[PDB]
Amino acid sequence: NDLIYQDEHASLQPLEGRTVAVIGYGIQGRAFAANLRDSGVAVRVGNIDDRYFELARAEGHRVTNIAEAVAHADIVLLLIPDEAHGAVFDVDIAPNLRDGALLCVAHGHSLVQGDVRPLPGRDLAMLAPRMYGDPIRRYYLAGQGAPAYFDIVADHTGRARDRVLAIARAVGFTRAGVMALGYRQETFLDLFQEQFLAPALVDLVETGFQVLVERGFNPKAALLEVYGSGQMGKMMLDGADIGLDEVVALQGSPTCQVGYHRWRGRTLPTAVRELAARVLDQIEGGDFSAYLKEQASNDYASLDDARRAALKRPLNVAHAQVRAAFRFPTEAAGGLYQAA
Amino acid sequence: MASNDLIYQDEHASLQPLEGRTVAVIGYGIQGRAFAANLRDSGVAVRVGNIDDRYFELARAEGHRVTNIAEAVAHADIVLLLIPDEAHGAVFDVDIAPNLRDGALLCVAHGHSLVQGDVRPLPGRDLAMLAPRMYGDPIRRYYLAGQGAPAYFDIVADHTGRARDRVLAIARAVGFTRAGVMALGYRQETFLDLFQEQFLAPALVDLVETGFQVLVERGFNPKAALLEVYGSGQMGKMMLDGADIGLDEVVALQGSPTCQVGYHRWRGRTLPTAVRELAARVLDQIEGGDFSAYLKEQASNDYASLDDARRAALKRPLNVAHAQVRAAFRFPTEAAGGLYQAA
Ligand SMILES: NC(=O)c1ccc[n+]([C@@H]2O[C@H](COP(=O)([O-])OP(=O)(O)OC[C@H]3O[C@@H](n4cnc5c(N)ncnc54)[C@H](O)[C@@H]3O)[C@@H](O)[C@H]2O)c1
Ligand SMILES: NC(=O)c1ccc[n+]([C@@H]2O[C@H](COP(=O)([O-])OP(=O)(O)OC[C@H]3O[C@@H](n4cnc5c(N)ncnc54)[C@H](O)[C@@H]3O)[C@@H](O)[C@H]2O)c1
Ligand SMILES: CC(C)CC[C@@H](O)[C@@H](O)C(=O)O
Ligand SMILES: CC(C)CC[C@@H](O)[C@@H](O)C(=O)O
Ligand SMILES: [Mg+2]
Ligand SMILES: [Mg+2]
Ligand SMILES: [Mg+2]
Ligand SMILES: [Mg+2]
Ligand code: NA
């Protein structure tokens, strides 16, 4: 059965007198560093010479190169892009990781690939959040959290489990739940969400926009209905709480509910489930891993080209027009990662 | 052309047309409760007209002046018909049309009853659509935070010549002008709204469910599979942040390079031609009257078939997994008690 840790199952006692080195200050690193500090945990940032180094300094952290951070740390969180783990592990982390220290990754991919490996005398774990940084930080400040998966890969000390779960409690994940899941399963599951589900959801939204525009509908209205009004996202986020079919039962007019249930369970041909299986096969059999290693070349040049090209697509041209014309509800984000 | 769109914000609307006027909110459901609460908090005189059911009692519990529909209409300058569309015809014929004052304005929140001829222009009166693009709880939460949701409007009949400023005064009072209120014909609004409900919403959920089913079949932990396809809130957060800054932009901003490379490997390539073809079939059913005939049949027995479909959907593996996940993982929520009581 499942092992799910909440606040009752974790404590900050294991972090008493210990220093955490957050390696990276990106989407995850900034959120971990901010929440650890506000939870009363001694934290240091290790970072290469880029904008994230300057940002960590601007937000009041003790910031050094990665080797120096690791050498002054009891716990090391490797929160940099996965393709970078191998070289940083070999050169900066492994030579400086104290005897009895804990190294944590936030995704299983570098463990599956053998780029991050158990070290004699040291602990190794995965603590993999199921949400990006801004919500982890916003939830933390509101007394809430996002879920995470964890795995104890190597435990020399016999104290790795409570130290990993203490980090999880300090960053807020035990407010939701931290479930035991093998790092190989986390890797394949996580990549599947990114490679099948996220693109399929955006492709469906784009398909709806294209068909409406083809059939003579107002492009601003078409863009608002398929996602830009926030209704489809609100349905999906409220659905996380109460269930997706339940949101329609509770919030839908009878007209809406009758229409929804006419086509619910009937919209997709078998080619969709077949492509999901093909994506999982690419993930499980190393084809994506090889593709990722290639794309990391000249600092992700091909990704830069794909990012720029996507902004020129009709959906994103229409998004810029709608967003300039309709005010979307936002909250001020200035100072979000400064000390609370 | 994009330049042709007529979009009103707060600077283009005022509460002045509502000075000394009473709005009758007919119905106190998903839309009715939000309209009533926001109108009252905006300083607009509001009454609720409702049949004898749980919504009558809720309106009283929430401090409103509540009567049957005919009495509400008889004492109002503006009437908002916020009940299910299939009920518009009988309520219009029996309770509204005979009681609507000279020079009063009737608004619907969906064009379907206008397309079908169940709600019609009345000599000496005004008729309009103000169609919110969001359900009630967000309209209310946004309103209380000084925000709003978009809406479409159409002036169908304007005896007084004052219908536009009165419709937009309602829109400002309920908060839609804080986002934007765009002119769109009631017929277009009808088909567009139905398309969102019959193609896009069920396809998004079917896609989430297909992901869940494939993961469970391939031996993944069902709780984890459920969390990743939506239960974590990540896919919802992606789509809601995407509404702000763009869907491809959320991935560029918030995704690890591993995530962005994976996403861009399959973006624009996941769906076969048959999905597009199905979207066109659903539009054909909506535009040609097939869906209107289906809906009339479904309603004719107080939605008995919908009750069966709602109960059957809760038994699907995705929804069984949802209850297991929800029990075991705490989801961030905000207290909702008293949300619709006076500010
Ligand atoms: N983004 C998310 O929502 C998310 C969620 C869960 C897990 N993760 C995991 O968290 C880890 C960090 O991902 P992220 O999304 O925060 O990444 P990111 O793209 O925000 O990472 C930027 C950070 O990485 C550093 N960096 C980049 N290239 C480097 C290199 N070659 N050597 C050293 N430092 C380098 C930068 O200086 C900066 O500190 C990854 O293992 C990722 O899979 C990400
Ligand atoms: N739900 C939404 O998010 C939403 C959004 C925009 C537009 N609309 C439109 O708003 C209107 C109201 O829809 P809703 O979703 O609030 O409905 P709902 O299902 O919440 O409506 C319940 C209300 O309708 C009343 N009602 C039901 N059957 C009735 C009958 N036969 N006679 C009289 N009153 C009756 C009930 O007493 C109650 O006040 C519709 O035109 C709908 O298309 C709904
Ligand atoms: C809850 C969401 C799917 C509803 C679509 C709504 O905007 C409304 O048009 C309705 O008829 O319910
Ligand atoms: C924003 C969302 C689609 C990203 C998936 C994230 O949880 C993370 O796994 C990543 O690698 O970026
Ligand atoms: Mg992830
Ligand atoms: Mg509707
Ligand atoms: Mg709608
Ligand atoms: Mg990931
Ligand atoms: Na337009």
Side-chain angles (χ1 to χ4, degrees), chain A residues 26-28 79-83 85 105-110 112 126-133 146 148-149 183 186-198 221-222 224-232 234-235 247-248 251-260 283 288-289 292, chain B residues 29-31 34 82-86 88 108-113 115 129-136 138-139 149-152 176 184 186 188-201 224 227-228 232 234-235 238 251 254-263 286 291-292 295:
Chain A
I27 295 146
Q28 287 298 320
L79 302 176
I80 72 173
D82 308 285
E83 269 309 291
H85 289 193
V105 293
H107 179 46
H109 188 258
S110 65
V112 174
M126 179 191 72
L127 177 63
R130 304 331 301 167
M131 184 59 69
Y132 50 92
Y149 307 142
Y183 68 81
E186 189 279 337
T187 302
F188 298 162
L189 179 58
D190 192 59
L191 294 175
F192 179 78
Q193 184 198 46
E194 295 164 3
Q195 292 173 36
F196 174 73
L197 183 59
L224 280 167
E225 300 314 304
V226 298
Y227 76 98
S229 71
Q231 190 168 67
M232 292 295 95
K234 196 53 100 153
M235 178 189 78
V247 168
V248 170
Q251 305 291 24
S253 72
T255 304
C256 172
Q257 295 195 40
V258 167
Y260 174 86
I283 288 159
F288 170 72
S289 289
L292 176 61
Chain B
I30 297 149
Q31 288 299 322
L82 298 182
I83 66 178
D85 308 278
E86 275 302 300
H88 286 195
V108 295
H110 182 35
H112 190 253
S113 66
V115 177
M129 182 192 70
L130 178 64
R133 308 326 302 171
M134 183 62 59
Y135 49 94
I139 288 167
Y152 308 143
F176 304 124
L184 191 81
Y186 70 80
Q188 181 168 178
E189 187 277 343
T190 302
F191 300 159
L192 172 60
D193 193 60
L194 291 182
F195 177 80
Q196 189 194 43
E197 297 164 357
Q198 289 171 43
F199 174 74
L200 182 62
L227 287 168
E228 298 313 307
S232 68
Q234 185 163 71
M235 294 294 90
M238 183 190 71
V251 175
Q254 300 291 26
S256 76
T258 306
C259 169
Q260 299 189 37
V261 165
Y263 176 84
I286 289 164
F291 171 72
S292 297
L295 171 66

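Every chain is numbered from 1, with letters handed out A, B, ... down the list of sequences. Both counts, for ligands and for their atoms, begin at 1 and track the order of listing.
- Protein N/O/S atoms found under 2.8 Å from the Mg ion (ligand 7), listed by chain and residue number: B:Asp193 OD1.
- Every side chain to side chain contact (heavy atoms under 4.5 Å, CB included) that A:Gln195 has, sequence neighbours left out, goes to A:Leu191, A:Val279, A:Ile283, A:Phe288, B:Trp266.
- Applying the side chain to side chain contact (heavy atoms under 4.5 Å, CB included) criterion to B:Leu130, with sequence neighbours excluded, gives B:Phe35, B:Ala151, B:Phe153, B:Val167, B:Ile170, B:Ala171, B:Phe176, B:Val181.
- Between the side chain of A:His85 and the backbone N or O of A:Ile80 there is at least one donor-acceptor pair closer than 3.5 Å.
- Between the side chain of A:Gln257 and the backbone N or O of A:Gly252 there is at least one donor-acceptor pair closer than 3.5 Å.
- For A:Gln193 (side chain) and B:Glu228 (main-chain N/O), a donor-acceptor pair under 3.5 Å exists by modelled atom type.
- When the ring-ring contact (aromatic ring centres under 6.0 Å, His included) test is applied to B:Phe195, the partners found at least two apart in sequence or on another chain are B:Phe199.
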